[PDB]
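Trainee:
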Amino acid sequence: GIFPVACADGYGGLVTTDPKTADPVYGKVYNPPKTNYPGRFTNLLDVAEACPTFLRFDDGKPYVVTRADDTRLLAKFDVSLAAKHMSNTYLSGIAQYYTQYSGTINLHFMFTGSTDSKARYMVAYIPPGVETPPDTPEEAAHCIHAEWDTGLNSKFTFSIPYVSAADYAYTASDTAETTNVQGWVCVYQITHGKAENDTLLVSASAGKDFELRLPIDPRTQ
Amino acid sequence: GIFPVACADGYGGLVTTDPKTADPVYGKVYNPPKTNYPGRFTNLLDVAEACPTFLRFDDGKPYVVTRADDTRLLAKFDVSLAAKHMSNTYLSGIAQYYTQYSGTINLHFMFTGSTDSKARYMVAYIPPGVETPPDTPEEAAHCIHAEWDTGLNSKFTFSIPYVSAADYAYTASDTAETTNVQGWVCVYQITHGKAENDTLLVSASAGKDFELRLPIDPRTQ
Amino acid sequence: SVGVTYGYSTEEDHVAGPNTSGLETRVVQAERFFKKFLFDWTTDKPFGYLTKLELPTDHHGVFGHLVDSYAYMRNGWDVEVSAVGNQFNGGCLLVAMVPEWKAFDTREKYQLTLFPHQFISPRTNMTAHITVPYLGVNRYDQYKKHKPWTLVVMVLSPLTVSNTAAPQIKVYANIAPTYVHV
Amino acid sequence: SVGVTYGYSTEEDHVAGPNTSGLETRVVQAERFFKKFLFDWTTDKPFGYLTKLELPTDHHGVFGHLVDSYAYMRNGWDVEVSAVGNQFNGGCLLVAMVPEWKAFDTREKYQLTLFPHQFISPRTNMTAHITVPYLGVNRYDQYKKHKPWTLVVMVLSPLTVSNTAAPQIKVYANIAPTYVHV
Amino acid sequence: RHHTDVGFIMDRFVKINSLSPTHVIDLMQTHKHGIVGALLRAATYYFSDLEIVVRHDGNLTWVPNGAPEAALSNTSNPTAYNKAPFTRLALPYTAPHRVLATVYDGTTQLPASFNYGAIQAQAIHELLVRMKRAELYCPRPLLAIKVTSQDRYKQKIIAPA
Amino acid sequence: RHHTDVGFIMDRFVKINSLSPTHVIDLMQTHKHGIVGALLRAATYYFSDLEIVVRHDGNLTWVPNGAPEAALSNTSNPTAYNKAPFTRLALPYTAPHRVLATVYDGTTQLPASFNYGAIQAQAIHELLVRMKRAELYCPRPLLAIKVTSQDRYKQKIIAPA
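Rendered as structure tokens:
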């Protein structure tokens with residue numbers, strides 16, 4: 001009364017991604033349920049929302065050298081997913097273990113001078129291929145820009161729209177072309193009020209949109 | 001009309017813990033049901049509740065040498081799950097076949113002098129690391145202690161709370177550190193009334209709490 | 029007294045049954061107490077002094093008549109142990125109901141009380157009292173070749189004396205089967 | 029003020045429980061603030077100047093009495109940090125609540141704010157205020173061999189001075205356990 | 027409490043020392059400190075079903091108790107043939123008694160009754176045995192390792208590096 | 027959002043360097059940049075079930091924690107026998123603590160507690176391990192590759208011809 005042994009012709013590989021399971025052996029063992037313990041989480045993303053980050057400039061000093069005089073240009077960095085401006089960065093490491101990624105990106109700003117001091121600044125996006133960085137607030141504005149002041153607020157969070165070629169992109173960058181993937185998106189300012197020595201901070205973080213597809217080791221394990 | 005022979009890639013080990021079963025052969029055979037036979041049980045624990053035990057001191061005499069004079073210190077033993085004080089002990093052997101164990105531990109006391117004789121004694125716990133055994137009832141008491149008398153009762157059962165590092169511990173002890181795992185938990189007394197020669201007995205047993213996790217042979221089978 | 033303490037159960041039993049039970053019914057008059065000598069116990073014996081007693085000895089009783097009848101049988105067992113003394117003694121002896129007795133060894137001594145039991149000290153008890161319900165390999169038994177039980181006592185505490193007491197004590201016990209079916 | 033900012037949760041807690049909790053109840057009078065010295069901070073220290081503080085130091089308190097009692101225990105922790113200055117200063121310091129502290133290294137510095145935290149600059153805050161609910165490997169703990177927590181601060185911005193300010197500032201903080209069970 | 031109810035303890039295997047072209051099958055053949063029999067020996071009366079495993083050659087073959095041994099190879103009372111390398115069978119109880127036990131004092156050699164039996168072949172190496180649904184009656188004394196040195200006891204423990 | 031909830035990330039394998047006729051079993055034995063442990067090391071406290079795979083010979087055999095190592099080969103606490111070439115088991119948690127972790131500052156050697164344990168055989172080559180249903184608590188710092196050259200970073204990419 002055998003059932004037809006519809007044997008397997010060549011499948012069933014002991015391989016990586018698999019969802020197959022196993023047999024408990026010294027099994028049938030409880031544990032005190034670990035609910036109500038603090039520090040629970042699931043998402044690298046979501047925990048990367050409430051937590052901001054920092055940045056870096058060649059001066060190795062995380063904060064921004066913030067000259068306060070007739071100068072107009074502040075400083076210009078880049079935002080890849082992997083760039084000297086953004087190595088030591090809670091996103092990238094989490095990022096660099098991936099290839100596909102999508103969605104908006106976050107930033108922050110923290111002021112330094114005494115509140116009394118009036119001020120002006122201007123965040124500004126630049127698309128990868130304008131062929132020339134802007135050199136004046138209003139013509140910079142043509143791409144993307146906004147404002148704030150010392151007045152009525154000190155913090156701020158900003159975002160660049162997830163422009164790309166396709167609705168996704170490569171995490172690492174290529175050694176087969178030239179054009180920067182994003183640009184040199186950075187900040188302008190109107191007349192400094194007064195300061196003996198300012199300073200600026202800046203971060204990035206996950207928000208409504210920071211997403212990924214996935215995954216492989218790059219490193220030399 | 002074969003069913004897809006989704007063959008097995010590398011599983012199904014003839015190994016130890018397994019729950020798999022077999023095929024009766026000269027089978028289909030009854031037996032007179034063995035109910036109503038006495039002496040039924042299931043639990044090493046539970047049968048280790050109603051049954052007390054004994055102990056041992058270097059005198060190889062199970063009972064306690066119970067000097068009856070101006071002395072204050074009675075004698076001091078230890079209670080591991082494996083210790084010279086507690087080898088020949090219905091728990092340990094059952095225990096020594098395990099590694100994880102938890103829950104309170106039991107004791108007993110049986111008096112020897114004639115009932116008329118007044119008496120005083122004081123059980124007392126000591127935590128593993130007080131760095132000094134107590135030397136007076138009231139300062140001993142600071143850890144844990146209690147009383148009774150010859151009066152109105154002769155038996156007694158006592159318990160130490162299952163203090164530990166974690167909510168479990170190792171059965172065998174280590175050869176990598178010094179501090180005793182439990183202490184030297186033992187007994188004091190107030191003025192002996194009168195006795196030419198006393199004697200004390202003492203046991204251990206399972207109770208509401210004596211538990212285990214499990215198991216491996218240690219021995220040299 | 030501490031009163032009866034049962035071995036594994038306390039209940040009125042099946043008494044009438046099948047062919048052999050019909051053929052080997054409850055012959056009640058087969059029942060009668062008597063007394064056996066146990067041992068001596070003075071300040072001499074240190075701990076571990078075992079003393080065993082196989083069961084059941086011959087006996088000039090109707091029971092004893094049949095226990096030679098050399099036949100399939102079953103039985104019960106009721107034990108009542110004591111040793112008269114006086115309230116100035118002191119110590120602790122151990123009475124024991126052993127299934128399938130074997131020659132023990134020093135270490136295991138410290139284990140006895142697995143079995144049903146009581147304590148022996150002139151304060152608490154003066155009358156041990158213990159009953160084992162039947163058991164055995166077959167549904168019945170034929171003694172001569174085998175002994176399913178024995179009645180053993182051994183030291184559990186050294187024995188004390190003052191001038192007021194009696195420097196020697198004898199120890200008796202009560203042995204009589206019950207619930208007999210032959 | 030910015031007001032309280034909680035670590036991972038904000039809720040009234042379980043206070044009374046099982047045998048040890050019954051044996052190690054909420055001894056409320058074990059609680060009392062005090063002050064610790066933190067560090068100095070002038071125009072000297074460039075960025076990265078770490079300064080750590082293991083917990084908890086000895087203390088002549090009823091708490092401090094028991095933290096030598098060398099026993100299974102649990103605890104809470106409430107942090108309130110500040111450093112008085114004057115509105116002409118400028119910079120940014122970073123206060124930090126670290127679980128299982130380890131010796132860091134240069135690169136990871138730029139990551140700190142994973143942990144719960146606030147900002148330190150004479151404008152926004154004048155009173156840090158932070159609380160960690162308990163945790164640990166066991167349901168309880170015995171300190172001397174271990175430290176489940178530490179209270180650390182490190183540079184987050186170079187410090188500025190004009191003539192109007194005070195060229196030195198001391199930094200205090202507030203340390204006292206809460207919710208104690210022993 | 028979720029162990030030391032035998033129903034989980036005695037469903038493993040245990041090596042047996044001896045063999046021969048024929049070989050009696052019994053529990054008391056086990057080692058008297060293998061964790062299997064300790065509990066077993068720790069009791070007076072026990073019953074179970076039975077499962078056995080044999081790595082072998084030729085033609086493993088088995089007979090229940092109360093049988094003339096002289097008549098095994100012939101006519102092949104039940105069996106299935108060779109197949110390497112694992113082979114797993116289970117026997118149901120057969121003994122003439124409503125229960126087994128460990129030792130039977132009668133005027155100390157083990158009785159000729161409690162006999163799961165024996166198997167026979169032309170080449171026999173390895174033996175695995177197994178207890179099913181078992182139950183035990185009147186637990187018996189039991190020992191642990193003996194104490195020689197001073198403190199409590201000492202023993203090596205595994206650990207990484 | 028349909029990743030970076032560990033429930034999908036940490037259910038793969040990872041090589042382990044060392045072996046010996048006996049061999050401790052632990053996560054921190056993993057390489058500190060293998061993508062497995064990064065996330066693991068990226069956290070403070072974590073728990074899971076556990077699954078393991080070993081290509082080996084002889085008789086693979088395993089014991090849970092808190093046990094006298096000296097007593098493995100004898101009496102064979104649970105196991106199943108040899109079979110080439112894949113062999114796949116899973117162990118359930120056993121440690122005396124309601125959670126694991128990565129590093130435990132006490133006056155920097157890893158503690159003697161967090162111990163999935165060890166296995167033993169006569170010949171051991173390859174090791175595969177696996178995390179089940181896991182969860183993590185208080186994520187910890189984390190690094191990426193370091194920046195040396197000028198622009199952003201450079202790296203080769205595969206492509207057809």
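Taken in order, these protein sequences are the chains called I, 3, 2, H, 1 and G. Residues in the first sequence are numbered from 1 upward in steps of one, following the entry's author numbering. Residues in the second sequence are numbered from 1 upward in steps of one, following the entry's author numbering. Residues in the third sequence are numbered from 29 upward in steps of one, following the entry's author numbering. Residues in the fourth sequence are numbered from 29 upward in steps of one, following the entry's author numbering. Quick note, the fifth sequence lines up with residues 27 to 133, 155 to 208 if you use the entry's author numbering. Quick note, the sixth sequence lines up with residues 27 to 133, 155 to 208 if you use the entry's author numbering. Just so it is clear, CB atoms sit at the ideal spot from N, CA and C, and this is done for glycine as well.
#1: Looking at chain 3, which residues of the region 156-185 of chain H have a Cβ within less than 8 Å of any of its Cβ atoms?
#2: What residues of chain I sit near residue 227 (chain 3), judged by a beta carbon separation below 9 Å?
#3: Would you list, in sequence order, the uninterrupted alpha helix (DSSP H) runs of no fewer than 4 residues that lie entirely inside the region 45-73 of chain G?
#4: For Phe39 (chain 1) and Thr17 (chain 3), what's the separation of their Cα atoms in angstroms?
#5: Could you pull the DSSP bridge partners for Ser159 (chain 3) from this structure?
#6: Quick one: which chain 2 residues come within Cβ less than 8 Å of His123 (chain 1)?
#7: Can you give the beta carbon distance from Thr33 (chain H) to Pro144 (chain H), rounded, assuming they're within the 8 Å contact cut?
#8: In or out: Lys172 (chain 2) buried (at least 16 other Cβ within 10 Å) or exposed?
#9: Since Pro52 (chain 3) contacts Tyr138 (chain 2) with CB under 8 Å, what's their CB separation in whole angstroms?
#10: Going along the region 65-79 of chain G in order, which residues come within less than 7 Å of chain 1, judged by CB to CB distance?
#11: Give the secondary structure of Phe65 (chain 2) by DSSP, where H, G and I count as helix, E and B as strand, and everything else as coil.
#12: Mind reading off the beta-carbon distance from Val181 (chain 2) to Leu121 (chain 2)? Whole number of angstroms is fine, and I expect it under 8 Å.
#13: Would you decide whether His172 (chain 1) is buried or exposed? Buried here means 16 or more other CB atoms lie within 10 Å of its CB.
#14: Indicate the three-state DSSP secondary structure (helix, strand or coil) for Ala181 (chain 1) in the structure shown.
#15: Determine which residues share a DSSP beta bridge with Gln115 (chain H) and list them.
#16: Since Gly118 (chain H) meets chain I, which of its residues come closer than 9 Å, beta carbon to beta carbon?
#17: Report the residues of the region 47-58 of chain H with a CB closer than 8 Å to any CB of chain 3, ordered along the chain.
#18: Please report the straight-line C-alpha distance between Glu211 (chain 3) and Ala6 (chain 3), rounded to a whole angstrom.
#19: Name the chain I residues whose beta carbon is nearer than 9 Å to that of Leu142 (chain H)?
#20: Just curious, the beta strand (DSSP E) that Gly92 (chain H) is in, first and last residue?
#21: Report the residue ranges of all beta strand (DSSP E) runs contained in full by the region 82-124 of chain 1; include only those spanning at least 3 residues, in chain order.
#22: Taking only runs of the alpha helix (DSSP H) that begin and end inside the region 117-160 of chain 3, which ones reach a length of at least 4 residues, in chain order?
#23: Mind checking which residues open and close the beta strand (DSSP E) that includes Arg213 (chain 3)?
#24: Which residues, taken in chain order from the region 90-101 of chain H, show a beta carbon closer than 8 Å to some beta carbon of chain 3?
#25: Go ahead and label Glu77 (chain 1) buried or exposed: buried means 16 or more other beta carbons lie within 10 angstroms of its beta carbon, across all protein chains shown.
#26: Shorter than 8 Å from the beta carbon of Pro127 (chain H) to some beta carbon of chain G?
#27: Measuring CA to CA, which of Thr192 (chain 2), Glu128 (chain 2), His209 (chain 2) and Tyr162 (chain 2) is closest to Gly118 (chain 2)?
#28: What does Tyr107 (chain G) reach in chain 3 if we use C-beta pairs closer than 8 Å?
#29: Below 8 Å on C-beta distance, what does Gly132 (chain 1) contact in chain 2?
#30: For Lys84 (chain 3), name the three-state secondary structure that DSSP assigns.
#31: Can the beta-carbon of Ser203 (chain 3) be found less than 8 Å from the beta-carbon of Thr150 (chain 3)?
#32: Could you confirm whether any beta carbon from chain 3 is found closer than 8 Å to the beta carbon of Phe112 (chain G)?
#33: Could you list which residues in chain 1 have their beta carbon closer than 8 Å to that of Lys63 (chain 2), in chain order?
#34: Short of 6 Å in beta carbon distance, which residues of its chain neighbour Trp129 (chain H), apart from the five on each side in sequence? Order them along the chain.
#35: So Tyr200 (chain 2) is in the beta strand (DSSP E); what residue range does that whole segment cover?
#36: Measuring only the C-alpha atoms, how far is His157 (chain 2) from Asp106 (chain 2)?
Mentor: The answer reads as follows:
#1: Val165, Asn166, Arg167 and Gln170
#2: Not covered by the structure: residue 227 (chain 3). The range shown for chain 3 is 1 to 221.
#3: 61-67
#4: Indexing the fifth sequence from 1 puts residue 39 (chain 1) at position 13. Indexing the second sequence from 1 puts residue 17 (chain 3) at position 17. If you take the alpha carbons of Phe39 (chain 1) and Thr17 (chain 3), they lie about 9 Å apart.
#5: Here residue 159 (chain 3) is taken as the residue at index 159 of the second sequence, counted from 1. The partner list for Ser159 (chain 3) (beta bridge, DSSP) reads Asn106 (chain 3).
#6: The residue labelled residue 123 (chain 1) in the question sits at position 97 within the fifth sequence. Residues of chain 2 passing the Cβ test: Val165 and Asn166.
#7: In the fourth sequence, the residue the question calls residue 33 (chain H) occupies position 5. In the fourth sequence, the residue the question calls residue 144 (chain H) occupies position 116. Sure, about 7 Å apart at Cβ, within 8 Å.
#8: Position 144 of the third sequence, counted from the start, is the residue given in the question as residue 172 (chain 2). By the neighbour-count rule (16 or more Cβ atoms within 10 Å), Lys172 (chain 2) is not buried but exposed.
#9: Taking the second sequence and counting its residues from 1, one reaches residue 52 (chain 3) at position 52. Taking the third sequence and counting its residues from 1, one reaches residue 138 (chain 2) at position 110. Not confirmed; about 11 Å, so no contact.
#10: none
#11: Residue mapping note: residue 65 (chain 2) aligns to position 37 of the third sequence, counting from 1. Reduced to three states, the DSSP call for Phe65 (chain 2) is coil.
#12: Counted from its first residue, the third sequence places residue 181 (chain 2) at position 153. Counted from its first residue, the third sequence places residue 121 (chain 2) at position 93. Correct: roughly 6 Å between the Cβ atoms.
#13: Translated into positions along the fifth sequence, residue 172 (chain 1) becomes position 125. Exposed is the call here.
#14: Here residue 181 (chain 1) is taken as the residue at index 134 of the fifth sequence, counted from 1. Strand, per DSSP.
#15: Position 87 of the fourth sequence, counted from the first residue, corresponds to residue 115 (chain H). Answer is none; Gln115 (chain H) lacks a bridge partner.
#16: Start at 1 with the first residue of the fourth sequence, and residue 118 (chain H) comes out as number 90. What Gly118 (chain H) touches in chain I: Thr112, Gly113, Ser114, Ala195, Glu196, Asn197, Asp198 and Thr199.
#17: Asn47, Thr48 and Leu51
#18: Mapped onto the second sequence, residue 211 (chain 3) falls at position 211. Mapped onto the second sequence, residue 6 (chain 3) falls at position 6. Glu211 (chain 3) and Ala6 (chain 3): Cα-Cα distance of roughly 44 Å.
#19: What you label residue 142 (chain H) is simply residue 114 of the fourth sequence in a count that begins at 1. The contacting residues are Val47, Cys51 and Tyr90.
#20: Residue mapping note: residue 92 (chain H) aligns to position 64 of the fourth sequence, counting from 1. Where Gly92 (chain H) is concerned, there is no enclosing beta strand (DSSP E), although the alpha helix (DSSP H) it sits in stretches over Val90 to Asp96.
#21: 87-89 and 114-117
#22: 137-141
#23: Residue 213 (chain 3) sits at position 213 when you count from the first residue of the second sequence. Per DSSP, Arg213 (chain 3) belongs to the beta strand (DSSP E) from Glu211 to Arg213.
#24: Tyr98, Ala99 and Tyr100
#25: Position 51 of the fifth sequence holds residue 77 (chain 1). That one is buried.
#26: Taking the fourth sequence and counting its residues from 1, one reaches residue 127 (chain H) at position 99. Yes, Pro127 (chain H) lies at the interface with chain G (some Cβ there is under 8 Å from its Cβ).
#27: Within the third sequence, numbered from 1, the residue matching residue 118 (chain 2) stands at position 90. The shortest C-alpha separation from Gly118 (chain 2) is found at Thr192 (chain 2).
#28: Taking the first residue of the sixth sequence as 1, we reach residue 107 (chain G) at position 81. Residues of chain 3 passing the Cβ test: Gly13, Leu14 and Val15.
#29: Working through the fifth sequence from its first residue, we reach residue 132 (chain 1) at position 106. Those are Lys173, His174 and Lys175, listed as they occur along chain 2.
#30: Numbered from its first residue, the second sequence carries residue 84 (chain 3) at position 84. If DSSP states are grouped into helix, strand and coil, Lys84 (chain 3) belongs with the helices.
#31: Along the second sequence, one-based indexing puts residue 203 (chain 3) at 203. Along the second sequence, one-based indexing puts residue 150 (chain 3) at 150. No; because the gap between Cβ atoms is not below 8 Å, this pair is not in contact.
#32: Position 86 of the sixth sequence, counting from 1, holds the residue named residue 112 (chain G). Output row for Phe112 (chain G): interface = yes.
#33: Along the third sequence, read from residue 1 onward, the residue named residue 63 (chain 2) stands at position 35. Correct list: empty, because the minimum Cβ distance to chain 1 is about 25 Å.
#34: Translated into positions along the fourth sequence, residue 129 (chain H) becomes position 101. Excluding sequence neighbours, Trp129 (chain H) sits near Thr178.
#35: Here residue 200 (chain 2) corresponds to residue number 172 of the third sequence, with the count starting at 1. Start and end: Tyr200 to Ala204.
#36: Within the third sequence, numbered from 1, the residue matching residue 157 (chain 2) stands at position 129. Within the third sequence, numbered from 1, the residue matching residue 106 (chain 2) stands at position 78. Distance between the alpha carbons of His157 (chain 2) and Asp106 (chain 2): 8 Å.
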